[PDB]
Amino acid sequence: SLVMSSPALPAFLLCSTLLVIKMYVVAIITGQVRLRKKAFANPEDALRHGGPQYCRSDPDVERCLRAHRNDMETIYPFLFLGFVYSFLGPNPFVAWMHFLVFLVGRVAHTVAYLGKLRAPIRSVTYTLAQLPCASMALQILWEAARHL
């Protein structure tokens, strides 16, 4: 199997795929919140689900959308950086720590966001998760630059 192309790759693929699934869960929650609160973004949706007055914004829906957007701002770059980083021959344990800190940080972020936890809990989880991404980005920069 090509999952063995590098020792850090299986850990990366586990963490990344869990995070993609976590984003799908946010999307599912968002749809459920729209139905429950009867808050739809499109008139065609609203007319199917009770009438035109239900084409409206809702704070809980908007919160779900913010969580999903923040995921796109952070998890998508990780998918790129973590994949490349896996092939740079990092210490396997060090790489696992990068991926684990990101995974735990991001799951905590979603819990803090959707669960409306007091500030600055969410902000701290965001910052914690960005640390390994910054670290990987710099390592990739040096490796890329040195092969120019």
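In this text, residue numbers run from 1 along the sequence as written.
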Greater mean Cα temperature factor according to the PDB record, 128 to 136 or 5 to 13: 5 to 13
Stretch with the greater mean C-alpha B-factor as recorded in the entry, comparing 38 to 46 against 88 to 96: 88 to 96
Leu79, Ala27, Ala67, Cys55, ranked by C-alpha B-factor: the highest one: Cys55
Ranked C-alpha temperature factor of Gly31 among modelled chain residues, by third: middle
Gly105 CA temperature factor, ranked by third within the chain: lowest
